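**Q** Just so it is clear, I am handing over model-v4.txt, which has compact mmCIF, C-alpha atoms.
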```txt
# COMPACT_ATOMS: atom_id res chain seq x y z
CA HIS A 1 -52.86 -52.93 -35.59
CA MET A 2 -51.08 -52.71 -32.24
CA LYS A 3 -52.23 -49.71 -30.16
CA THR A 4 -51.93 -48.25 -26.66
CA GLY A 5 -53.48 -50.60 -24.11
CA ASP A 6 -52.87 -53.78 -26.14
CA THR A 7 -50.72 -56.61 -24.74
CA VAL A 8 -47.75 -57.54 -26.96
CA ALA A 9 -46.93 -61.21 -27.41
CA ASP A 10 -43.40 -62.20 -26.39
CA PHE A 11 -40.96 -62.80 -29.25
CA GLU A 12 -37.32 -63.69 -29.97
CA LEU A 13 -34.97 -62.32 -32.64
CA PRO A 14 -31.18 -62.10 -33.03
CA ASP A 15 -29.33 -58.89 -32.17
CA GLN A 16 -26.38 -57.43 -34.11
CA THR A 17 -24.08 -60.20 -32.80
CA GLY A 18 -26.46 -62.95 -33.87
CA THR A 19 -27.42 -63.62 -30.26
CA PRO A 20 -31.11 -64.45 -29.67
CA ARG A 21 -32.86 -61.80 -27.59
CA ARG A 22 -36.32 -62.16 -26.05
CA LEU A 23 -38.75 -59.31 -25.38
CA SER A 24 -39.62 -60.59 -21.89
CA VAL A 25 -35.91 -60.68 -20.97
CA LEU A 26 -35.29 -57.26 -22.56
CA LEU A 27 -38.10 -56.02 -20.27
CA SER A 28 -36.31 -57.35 -17.16
CA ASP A 29 -35.50 -53.99 -15.61
CA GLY A 30 -38.03 -51.64 -17.14
CA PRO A 31 -39.97 -50.64 -20.25
CA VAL A 32 -38.58 -51.17 -23.74
CA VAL A 33 -38.89 -48.55 -26.48
CA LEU A 34 -39.07 -50.78 -29.58
CA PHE A 35 -38.49 -48.65 -32.68
CA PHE A 36 -39.16 -50.16 -36.11
CA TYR A 37 -37.26 -48.42 -38.89
CA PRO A 38 -37.46 -49.13 -42.64
CA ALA A 39 -33.80 -49.42 -43.56
CA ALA A 40 -30.57 -49.32 -41.59
CA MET A 41 -28.03 -46.65 -42.58
CA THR A 42 -30.37 -44.42 -44.61
CA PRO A 43 -30.31 -40.73 -43.59
CA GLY A 44 -33.71 -40.66 -41.87
CA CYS A 45 -33.15 -43.90 -39.99
CA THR A 46 -29.64 -42.74 -39.03
CA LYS A 47 -31.14 -39.52 -37.63
CA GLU A 48 -33.80 -41.41 -35.65
CA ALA A 49 -31.42 -44.04 -34.25
CA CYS A 50 -28.65 -41.55 -33.46
CA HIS A 51 -31.18 -39.48 -31.50
CA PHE A 52 -31.98 -42.61 -29.47
CA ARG A 53 -28.22 -43.11 -29.02
CA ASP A 54 -27.69 -39.53 -27.83
CA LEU A 55 -30.46 -39.90 -25.21
CA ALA A 56 -28.78 -42.83 -23.41
CA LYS A 57 -28.58 -41.09 -20.03
CA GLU A 58 -32.19 -39.83 -20.20
CA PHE A 59 -33.56 -43.31 -20.91
CA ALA A 60 -31.41 -44.72 -18.11
CA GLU A 61 -32.84 -42.11 -15.72
CA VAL A 62 -36.37 -43.48 -16.31
CA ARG A 63 -35.00 -47.05 -16.15
CA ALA A 64 -36.08 -47.82 -19.71
CA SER A 65 -34.20 -49.33 -22.62
CA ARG A 66 -34.09 -48.73 -26.35
CA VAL A 67 -34.25 -51.51 -28.97
CA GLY A 68 -34.17 -50.92 -32.74
CA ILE A 69 -35.72 -53.40 -35.16
CA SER A 70 -35.99 -53.78 -38.92
CA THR A 71 -35.99 -56.47 -41.60
CA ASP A 72 -32.31 -55.79 -42.35
CA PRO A 73 -29.93 -58.78 -41.98
CA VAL A 74 -27.77 -59.15 -38.87
CA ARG A 75 -24.64 -58.24 -40.84
CA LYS A 76 -26.13 -54.89 -41.88
CA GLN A 77 -27.44 -54.15 -38.38
CA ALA A 78 -23.93 -54.95 -37.11
CA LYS A 79 -22.32 -52.39 -39.43
CA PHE A 80 -24.95 -49.73 -38.64
CA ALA A 81 -24.40 -50.14 -34.88
CA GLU A 82 -20.59 -50.21 -35.25
CA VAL A 83 -20.37 -47.11 -37.46
CA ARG A 84 -22.80 -45.13 -35.26
CA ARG A 85 -21.53 -46.54 -31.93
CA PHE A 86 -25.00 -47.60 -30.77
CA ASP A 87 -25.12 -48.62 -27.11
CA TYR A 88 -28.27 -50.75 -27.49
CA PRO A 89 -29.59 -53.78 -29.42
CA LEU A 90 -30.66 -53.78 -33.06
CA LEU A 91 -32.85 -56.80 -33.83
CA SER A 92 -33.06 -58.45 -37.25
CA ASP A 93 -36.62 -59.44 -38.19
CA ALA A 94 -35.47 -61.17 -41.36
CA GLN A 95 -38.87 -62.58 -42.39
CA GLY A 96 -40.98 -59.72 -41.02
CA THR A 97 -42.63 -62.06 -38.50
CA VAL A 98 -42.42 -59.62 -35.60
CA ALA A 99 -43.36 -56.71 -37.86
CA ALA A 100 -46.49 -58.68 -38.78
CA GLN A 101 -47.26 -59.21 -35.09
CA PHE A 102 -47.14 -55.41 -34.61
CA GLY A 103 -49.04 -54.65 -37.83
CA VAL A 104 -46.13 -52.83 -39.50
CA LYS A 105 -45.03 -55.41 -42.09
CA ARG A 106 -45.00 -54.46 -45.79
CA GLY A 107 -44.63 -56.67 -48.85
CA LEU A 108 -45.07 -56.55 -52.61
CA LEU A 109 -46.05 -59.72 -54.46
CA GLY A 110 -44.29 -61.79 -51.81
CA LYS A 111 -41.10 -59.72 -51.66
CA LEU A 112 -40.57 -58.51 -48.11
CA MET A 113 -40.42 -54.71 -48.13
CA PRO A 114 -39.16 -52.24 -45.49
CA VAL A 115 -41.36 -51.94 -42.42
CA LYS A 116 -43.53 -48.92 -41.73
CA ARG A 117 -41.63 -46.61 -39.34
CA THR A 118 -43.35 -47.03 -35.95
CA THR A 119 -42.28 -46.97 -32.30
CA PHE A 120 -43.92 -48.89 -29.45
CA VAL A 121 -43.29 -48.06 -25.80
CA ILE A 122 -43.79 -51.43 -24.06
CA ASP A 123 -44.17 -51.77 -20.29
CA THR A 124 -42.76 -54.66 -18.22
CA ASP A 125 -46.12 -56.47 -18.32
CA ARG A 126 -46.12 -56.18 -22.15
CA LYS A 127 -48.78 -53.44 -22.29
CA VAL A 128 -48.33 -50.82 -25.00
CA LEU A 129 -47.89 -47.43 -23.29
CA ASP A 130 -47.53 -45.30 -26.44
CA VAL A 131 -47.23 -45.56 -30.23
CA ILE A 132 -45.38 -43.08 -32.47
CA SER A 133 -46.40 -43.60 -36.09
CA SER A 134 -44.76 -42.99 -39.46
CA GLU A 135 -45.87 -39.39 -40.02
CA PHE A 136 -43.94 -38.04 -37.00
CA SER A 137 -40.52 -36.40 -37.22
CA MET A 138 -37.41 -38.54 -36.77
CA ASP A 139 -36.63 -37.04 -33.35
CA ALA A 140 -40.24 -37.38 -32.16
CA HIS A 141 -39.86 -41.16 -31.81
CA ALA A 142 -37.39 -40.87 -28.95
CA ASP A 143 -38.77 -37.55 -27.67
CA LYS A 144 -42.38 -38.73 -27.32
CA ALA A 145 -41.26 -42.06 -25.87
CA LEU A 146 -39.13 -40.30 -23.27
CA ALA A 147 -41.95 -37.88 -22.39
CA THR A 148 -44.38 -40.79 -21.92
CA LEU A 149 -41.93 -42.58 -19.64
CA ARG A 150 -41.32 -39.41 -17.62
CA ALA A 151 -45.09 -38.95 -17.29
CA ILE A 152 -45.43 -42.34 -15.59
CA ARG A 153 -42.56 -41.84 -13.12
CA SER A 154 -43.40 -42.40 -9.46
```
Kindly return the structure encoded in the file as C-alpha cells.
**A**
Amino acid sequence: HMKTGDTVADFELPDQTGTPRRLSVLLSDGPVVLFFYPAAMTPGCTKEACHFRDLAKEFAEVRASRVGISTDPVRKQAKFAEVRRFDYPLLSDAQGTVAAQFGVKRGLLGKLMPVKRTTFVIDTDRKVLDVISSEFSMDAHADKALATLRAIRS
C-alpha cells in the first residue's frame, strides 16, 4: 500500500475528453493532488470534488494541481465535470489498473468495484508527500492536501 515517502510509478489514463494524460506531464509545474473517489456524482464524492473545485485559487497559490480519479467510464466523468463545472482533470481508470498500483482497488469475484476513497499528494519527483485515507471527512481530502503543500512552501 502506497504511503508517504514511496515513489509512484508513472501512468497514463484518459481524462473526461478521452485524451490520454500522463502523471509525469501532469506534474510539469508542481505537485499533483490525486484523489481517488468511489463513484462519480454520488453525494459524498460530489462534496469532496466540489471542495477541490472551490479551492482552485488556493491550489494555484502553492503551484499545485488537482486530479480526480475513479473507475467510472469517461462518459460519466464527463457529465460529472460538466454538471459541477470542474476546472481540473478527472481520469477514468476503467480496469482499476492505476488503483491497483496505489493499493486502492476493490473487486468482488472478478467484478471491478468502486475504489477505496484515498488521496495522494505527489511531488514533482513522484514522491508521496501525504496520504488522506477513507475514514477522513470529505473536506479533509483537499484541506489536508492544501495544508501539506503550504507546509513545504519556500
**Q** List every residue of stretch 32-74 of chain A that has an atom at most 6 Å from any atom of stretch 79-94 of chain A, and for each one report the closest atom pair and its distance in Å to one decimal, counting all atoms listed in the file, with rows sorted by chain and then by increasing residue number, as JSON lines.
**A**
```
{"residue": "A:41", "atom": "CA", "partner": "A:80", "partner_atom": "CA", "distance": 5.9}
{"residue": "A:53", "atom": "CA", "partner": "A:86", "partner_atom": "CA", "distance": 5.8}
{"residue": "A:67", "atom": "CA", "partner": "A:89", "partner_atom": "CA", "distance": 5.2}
{"residue": "A:68", "atom": "CA", "partner": "A:90", "partner_atom": "CA", "distance": 4.5}
{"residue": "A:69", "atom": "CA", "partner": "A:91", "partner_atom": "CA", "distance": 4.6}
{"residue": "A:70", "atom": "CA", "partner": "A:93", "partner_atom": "CA", "distance": 5.7}
{"residue": "A:71", "atom": "CA", "partner": "A:93", "partner_atom": "CA", "distance": 4.6}
{"residue": "A:72", "atom": "CA", "partner": "A:92", "partner_atom": "CA", "distance": 5.8}
{"residue": "A:73", "atom": "CA", "partner": "A:92", "partner_atom": "CA", "distance": 5.7}
{"residue": "A:74", "atom": "CA", "partner": "A:92", "partner_atom": "CA", "distance": 5.6}
```
**Q** Report, as AutoDock Vina command-line options, the centre and edge lengths in Å (one decimal) of the axis-aligned box enclosing every listed atom of stretch 91-102 of chain A, padded by 4 Å on each side.
**A**
```
--center_x -40.1 --center_y -59.0 --center_z -38.1 --size_x 22.4 --size_y 15.2 --size_z 16.6
```
**Q** Quick check, in Å to one decimal: how far apart do atom CA of residue A:49 and atom CA of residue A:36 lie?
**A**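 If I compute the distance from atom CA of residue A:49 to atom CA of residue A:36, I get 10.0 Å.
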**Q** Near residue A:48, within 8 Å and counting all atoms listed in the file, which residues show up once chain neighbours fewer than 5 positions away are dropped, as an MDAnalysis selection string?
**A** chainID A and resid 138:139 141:142
**Q** Need to verify the contact set: residue A:145, 9 Å, only C-alpha atoms, exclusion of same-chain residues closer than 5 positions in sequence. Can you return it as a list in words?
**A**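 Using only C-alpha atoms, the neighbours found are residues 33, 119, 120, 121, 129, 130, 131, 132, 140 and 150 of chain A.
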**Q** Can those selected residues be exported to a file as an mmCIF file, keeping the file's coordinate frame so that it contains C-alpha atoms?
**A**
```
data_model
loop_
_atom_site.group_PDB
_atom_site.id
_atom_site.type_symbol
_atom_site.label_atom_id
_atom_site.label_comp_id
_atom_site.auth_asym_id
_atom_site.auth_seq_id
_atom_site.Cartn_x
_atom_site.Cartn_y
_atom_site.Cartn_z
ATOM 1 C CA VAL A 33 -38.890 -48.550 -26.480
ATOM 2 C CA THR A 119 -42.280 -46.970 -32.300
ATOM 3 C CA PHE A 120 -43.920 -48.890 -29.450
ATOM 4 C CA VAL A 121 -43.290 -48.060 -25.800
ATOM 5 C CA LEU A 129 -47.890 -47.430 -23.290
ATOM 6 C CA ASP A 130 -47.530 -45.300 -26.440
ATOM 7 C CA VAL A 131 -47.230 -45.560 -30.230
ATOM 8 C CA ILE A 132 -45.380 -43.080 -32.470
ATOM 9 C CA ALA A 140 -40.240 -37.380 -32.160
ATOM 10 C CA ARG A 150 -41.320 -39.410 -17.620
#
```
**Q** Nearest residue to residue A:30 out of A:50, A:13, A:104, A:149, using all atoms listed in the file?
**A**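 Checking each of A:50, A:13, A:104, A:149 against residue A:30, counting all atoms listed in the file, the winner is A:149.
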